[PDB]
């Protein structure tokens, strides 16, 4: 009702970004708003395009109902014979995944920025869980966490199974994913790197194994290392009932975040952008 319908011909300079499941994510410039945008457009040459339409409108309805500071903001729908899609704000600094694992482009990612990111992911998911009815994400991974021009988090949805809790091979799924993500953020390692076949991963996890917690994985200089290890281990407990709520997580995190002097967040970000611009 409030959601603009954007004609395809109003979208200029389309550049590919991703080929997600049903179709492509591209960057563009809106000709009248003069801002950059992202657009997710499904393929037109499918026999199952009838249901494709339905999926797109259901997705836009969701994103629109879920407006919030840490959820990717939707700007409109494209709905024409030649072109079907969702338009959102464009996040110039890509995904958390890239931030963590492109060590040539991002050789230092200061601790405060990392805790901010974890705090904001929690704020986002928590808001979804507090909607009426609750929205459950059920596909959290670092690929789905986007970062705006100041490296604030925008949660989205588009190596799969590592973020999945064993009992899904549920109100307690997102928090499992968030624990792995947390391990991932503090370590900058791929969970289960030295492990080829993902069936072996599902088995190991079935049996209670988790990413390794180590001097090698989580070095001893991590601020609040021990509070954070507790959070991770609660979060990915074999028993879903031992895993905490996101609200409990935020409460555990708030004092950790209060330790950082506010200027240090901006300093962490300015450093990153400076190094990124030189790669």
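Each form is matched to the other, and the largest set of C-alpha atoms that superpose within 1.5 Å is called the rigid core. Numbering follows the first chain given and starts at 1.
Peer 1: Between 75 to 83 and 159 to 167, where do the CA atoms move more in 5 other deposited structures of this protein, taking the root mean square over the structures and residues after a core fit?
Peer 2: With the rigid core superposed, the C-alphas that lie farther in 5 other deposited structures of this protein are those of 159 to 167.
Peer 1: Consider 10 to 18 and 253 to 261 separately and indicate which one has Cα atoms farther, on average, from the shown form in 5 other deposited structures of this protein after rigid core alignment.
Peer 2: Comparing 10 to 18 with 253 to 261, the larger C-alpha deviation in 5 other deposited structures of this protein belongs to 10 to 18.
Peer 1: Quick one: is residue 46 left out in at least a third of the other entries we compared?
Peer 2: Looking at the other entries that model residues on either side of it, residue 46 is missing from at least a third.
Peer 1: Mind giving me a quick count class for deposited residues absent from the model between residue 111 and residue 112? Options are none, 1 to 3, 4 to 9, 10 or more.
Peer 2: Gap size class: none, per the record.
Peer 1: On average, which has the higher Cα B-factor in the deposited entry, 127 to 135 or 194 to 202?
Peer 2: Stretch with the higher mean C-alpha B-factor: 194 to 202.
Peer 1: Mean CA temperature factor from the deposited coordinates, higher in 235 to 243 or in 29 to 37?
Peer 2: Stretch with the greater average CA B-factor: 235 to 243.
Peer 1: Divide the modelled residues of the chain into thirds by Cα B-factor and specify which third, lowest, middle or highest, holds residue 174.
Peer 2: Tercile = lowest for this residue's CA B-factor.
Peer 1: Taking only the Cα B-factors deposited for this chain, tell me whether residue 269 sits in the lowest, middle or highest third.
Peer 2: CA B-factor rank for residue 269: lowest third.
Peer 1: Lowest, middle or highest third: where is residue 207 by Cα B-factor in its chain?
Peer 2: Residue 207: CA B-factor falls in the middle third of its chain.
Peer 1: Quick check for you: using the entry's CA B-factors within this chain, is residue 80 in the lowest, middle or highest third?
Peer 2: It belongs to the highest third of the chain when residues are ordered by C-alpha B-factor.
Peer 1: Thinking about Cα B factors across the chain, which third does residue 159 belong to?
Peer 2: According to the entry, residue 159 has a C-alpha B-factor in the chain's highest third.
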